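**Q** Structure in structure tokens, see below.
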Amino acid sequence: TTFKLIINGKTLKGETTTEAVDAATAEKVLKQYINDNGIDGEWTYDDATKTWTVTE
């Protein structure tokens with residue numbers, strides 16, 4: 001199973017997944033990826049397939 005996150009930036013968007021012990025550890029690395037796009041605001045987890053979110 002791989003974690004997933006969708007970029008909800010006003011100009012930058014898309015999706016991304018990572019592999020780690022838990023989504024908590026991955027999400028920290030996914031935040032670092034968001035640090036480059038500059039799209040950090042409010043994230044949301046989903047029990048569907050361990051996905052995530054990040055709206056600017």
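Ligands are numbered from 1 in the order shown, residues from 1 within each chain, and chains are lettered A, B, ... in the order they appear in the structure tokens.
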Compile the contact shell of segment 14-16 of chain A as a PyMOL selection string: residues with an atom at most 12 Å away, counting only C-alpha atoms, same-chain residues fewer than 3 positions apart removed.
**A** chain A and resi 2-11+19+26-27+29-31+33-34+37+39+50-55
**Q** Run DSSP on the backbone and grab whatever in chain A lands in strand (DSSP E or B); send it over as a ChimeraX atom specification.
**A** /A:3-8,13-18,42,46,51,53-55
**Q** Find the residue from A:49, A:1, A:21, A:12 that sits nearest to residue 36 of chain A; use only C-alpha atoms when measuring.
**A** A:12
**Q** Between A:32, A:23, A:40, A:18, which residue has the minimum interatomic distance to residue 56 of chain A, considering only C-alpha atoms?
**A**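 With only C-alpha atoms as the atom set, the closest residue is A:40.
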